[PDB]
Amino acid sequence: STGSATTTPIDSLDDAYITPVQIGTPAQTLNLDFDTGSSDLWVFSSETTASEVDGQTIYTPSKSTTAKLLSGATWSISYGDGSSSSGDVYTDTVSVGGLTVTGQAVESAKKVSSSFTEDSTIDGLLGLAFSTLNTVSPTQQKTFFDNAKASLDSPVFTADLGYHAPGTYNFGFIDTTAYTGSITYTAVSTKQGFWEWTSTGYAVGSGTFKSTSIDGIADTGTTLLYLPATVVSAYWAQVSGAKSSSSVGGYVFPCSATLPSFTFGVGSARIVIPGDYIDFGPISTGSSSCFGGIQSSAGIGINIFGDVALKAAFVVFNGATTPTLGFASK
Ligand SMILES: O=C(CNCc1ccccc1)Nc1scc(-c2ccccc2)c1C(=O)NCc1ccccc1
């Protein structure tokens, strides 16, 4: 089997991408944030505290004839922004572009934190990291990809995120028309539960490529590109007036600037992020100070190749017995 679905930016800055997902019988369609940095499929629901729902579409398990409460199961997650959610668990039928998994754990939110409530465009997350990170207790549950993978023509999914435009998630096949040149595959460590790999270096604009190992994760659920402070300083040094602001919480730059590209290495291959991808607009409405799309990972503990990086590439998440990651230019 295979599946394909279009993924769409939630706003004009590409802060995140949402992909429609069918849950239950009859189908309830929710727009989920496909997240290769986490492993829970969780949704706003009829059980979510009413005050914490503000425009999201909810899953109502009582209206699904295939929903079954998973007895005694709960879940609870927190993310790096201090945001969180928790609730109970149903199994139900879940489909992405007709690719169907029966018995998928659907984690129904009883509580969500303010950042989720305040974002009306995201009805939940669909995790695509490794199932070792799934938070369901006392019995850990499998991701949608793990449940689907044996049925797929090939045990893979691909992310083709657009810059200020829709893109595509494919499951089970490689669309060889979606990229240029060849796909360069690179080794993955699953020890922390992520699609963790090692970039071979970087360049800023037309500058000299620096060969240096940069360990990080391919994370579709993170907006920006988080890299070591030395690398990030090298980038922003090329933008007149750019500086790290403690109060804002990262590098800001004059909105009138033209941003240079940023290149990262995948083996001997090179992925070029155009400068415009690195502009996240005014820090507050009407400001002429703009927020940078490349930021320091110093306080994170891990580098994150988030959407800023991934959207410059066609990315293969290869879930063979020994997983690997593939990157191609596009
Ligand atoms: O958690 C993820 C992937 N899920 C991102 C997500 C999606 C929707 C809503 C909320 C979050 N990736 C990882 S791995 C490690 C971190 C991290 C980040 C900051 C501090 C400590 C750990 C993050 C993460 O939270 N990414 C999103 C993010 C939020 C705020 C600031 C930077 C990055």
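Residues numbered from 1 in each chain as written, not as in the entry; some residues may be left out. Heavy atoms only, no water. Residues with missing side-chain atoms left out of burial classes, pairs and counts.

A look at the domain arrangement of the protein
When the domains of the protein are assigned, the result is domain 1 (5–174) and domain 2 (175–330). Taking only C-alpha atoms into account, the centre of domain 1 sits 25 Å from that of domain 2. Between domain 1 and domain 2, the contact holds 30 residues from the first and 32 residues from the second. Counting each side, the surface lost to burial between domain 1 and domain 2 is near 2,400 Å², with a carbon and sulfur contribution of 56%. Ranking the residues of domain 1 by area buried against domain 2 places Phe-130, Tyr-163 and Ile-174 at the top, with a combined share of 27%. Where domain 1 touches domain 2, the interface holds two salt bridges. Among the salt bridges present, the one from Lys-311 reaches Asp-14, with a minimum N-O distance of 2.8 Å. Applying the counting criterion to the domain 1 and domain 2 interface returns 16 residue pairs in polar contact. Within the residue set of the side of domain 1 that touches domain 2, elements represented by two or more residues are β3 (28–35), β9 (156–160) and β10 (167–171). Among the residues making up the side of domain 1 that touches domain 2, the classes are represented as 18 nonpolar, six polar and six charged. (Domains from an automatic or database assignment. Contact = heavy atoms within 4.5 Å. Buried area = accessible area lost by both parts, 1.4 Å probe. Salt bridge = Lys/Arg side-chain N within 4 Å of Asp/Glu carboxyl O. Polar contact = N/O pair within 3.5 Å; in protein donor to acceptor, adjacent residues only side chain to side chain. Helix = DSSP H or I, 4+ residues; strand = E, 2+ residues; numbered from the N terminus. Nonpolar A, V, L, I, M, F, W, Y, C, P; charged D, E, K, R; others polar.)

What to know about the packing of aromatic side chains
One pass over the full model with this rule turns up 26 aromatic pairs. Look at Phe-34 and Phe-171: their rings are 6.4 Å apart centre to centre, the planes differ by 65 degrees, and that puts the pair in the edge-to-face class. In this pair, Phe-34 sits in strand β3 while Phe-171 sits in strand β10, placing the two residues 137 residues apart along the sequence. On the basis of relative accessible area, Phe-34 is assigned to the buried category, the value being 1%. The buried category is assigned to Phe-171, whose relative accessible area is 0%. Over the ring of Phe-209 we find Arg-270, and its NZ or CZ is 3.7 Å from the ring centre. The ring of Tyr-277 has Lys-311 lying over it, and the distance from NZ or CZ to the ring centre is 5.8 Å. (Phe/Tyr/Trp six-rings, centres within 6.5 Å; stacked < 30°, edge-to-face > 60°. Buried < 20%, exposed > 50% of the residue type's maximum accessible area, 1.4 Å probe, protein only. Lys NZ or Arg CZ within 6 Å of the ring centre and 35° of its normal.)

Points about the state of the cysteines
Here a disulfide denotes a covalent bond joining the sulfur atom of one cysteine to the sulfur atom of another. On inspection of all chains with the given rule, the structure shows one disulfide. What pairs with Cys-255 in a disulfide is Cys-290, and their sulfur atoms sit 2.0 Å apart. Between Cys-255 and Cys-290, the S-S torsion sits near 110 degrees, and that sign places the bridge as right-handed. Of this pair, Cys-255 sits in the loop between β16 (250–254) and β17 (262–266) while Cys-290 sits in strand β20 (residues 289–292), and the two are 35 residues apart along the sequence. The exposure class assigned to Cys-255 is partly exposed, which follows from its relative accessible area of 29%. (Disulfide = S-S within 2.5 Å.)

Comments concerning the sheet that holds strand β19 (residues 279–282)
With antiparallel pairing, four strands are arranged side by side in an open sheet as β15-β16-β20-β19. The open sheet has two free edges, formed respectively by β15 (243–245) and β19, since each of these has just one partner strand. Recorded for the sheet is a direction-independent mean angle of 40 degrees between the axes of neighbouring strands. Relative to β16, β15 is paired through three bridges, and the arrangement is antiparallel. Across the sheet, residue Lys-243 finds its bridge partner in β16, namely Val-252. (Pairing = 2+ DSSP bridges. Axes fitted to C-alpha atoms, helices over the stretch in contact; angles between N-to-C directions.)

With respect to the environment of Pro-20
Structurally, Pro-20 can be placed in strand β2 (residues 17–23). By relative accessible area, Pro-20 is classed as partly exposed at 33%. Ignoring any residue separated from it by four or fewer positions in sequence, one finds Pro-20 in contact with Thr-6, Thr-29, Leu-30 and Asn-31.

Points about the site of the ligand
Among the 15 residues in the neighbourhood of the ligand, the closest are listed as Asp-35, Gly-80, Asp-219, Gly-221 and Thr-222. Backbone polar atom of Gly-80 to an oxygen atom of the ligand: 2.8 Å apart, as the coordinates give it. In isolation the ligand exposes 640 Å². Once the protein is present, 75% of that is buried. The cavity that encloses the ligand is the largest pocket. Grouping the amino acids of the shell around the ligand by side-chain chemistry returns seven nonpolar, four polar and four charged. (Near = heavy atom within 4 Å. Areas by Shrake-Rupley, 256 points an atom, 1.4 Å probe, with all protein chains shown as cover. 1 Å grid on protein atoms, 1.4 Å probe; cavity = no way out; pocket = protein on both sides within 12 Å on 5 of 7 lines; lining within 4 Å. Sits in = over half its atoms within 2 Å of the grid points.)

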